[PDB]
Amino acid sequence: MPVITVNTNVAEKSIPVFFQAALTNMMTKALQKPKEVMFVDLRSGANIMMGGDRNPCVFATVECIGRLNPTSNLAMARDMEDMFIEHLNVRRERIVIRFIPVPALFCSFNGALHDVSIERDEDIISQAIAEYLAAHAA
C-alpha cells in the first residue's frame, strides 16, 4: 500500500505516457500518503471483458492503510473515473473500483511493518492538530 492497480483492455500504446505519473500525483494528494510509497500498476492490453463484451472497460483497486471510508471512497472513485474517461476513453458505466483496507501489521515497507495508528488516520489528525496549534500558537 498505497497500490493503485488499473486492469484495462485499453492498449498500452494508446495510453498517454504521463497517465501513471498523473494518477500517482492525484492519489498521493487524495490519500495523504508519502509519494515515495505510492505504486501505480497499469495492466493495459489485459484480456479483461465486462458484461461478456470487449468494449473498453476498467477494473481498478486501491490498497491503502487507513484513509478509506464511504465518503473518501466515493470522492476518489469519481476522480479516478474522470481520469479513466479522459485518458483511456472508457465510459463511466464500464468502470468498477474496489477500495481495499490494509491492516498496518499486515503490510511491510523497508524492513518493518506500519504503525496501527495510521489505520484510524491518527497520523493525519495528530499532525493536523499540531499544525493548527503552530498557526494559532494555542
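Heads up: residue numbers just count along the shown sequence, starting at 1.
Colleague: Per the entry, where is the mean C-alpha temperature factor higher: 54-62 or 82-90?
Modeller: The entry gives the higher C-alpha B-factor average to 82-90.
Colleague: Test of understanding: from the entry's C-alpha B-factors, which stretch has the higher mean, 123-131 or 110-118?
Modeller: On average, C-alpha B-factors are higher across 123-131.
Colleague: Compare the C-alpha B factor of residue 14 with those of the other modelled residues in its chain, then answer lowest, middle or highest third.
Modeller: Tercile = highest for this residue's CA B-factor.
Colleague: Tell me, lowest, middle or highest third: where does the Cα B factor of residue 29 rank within its chain?
Modeller: Its C-alpha B-factor, which the entry lists for residue 29, ranks in the highest third among residues of this chain.
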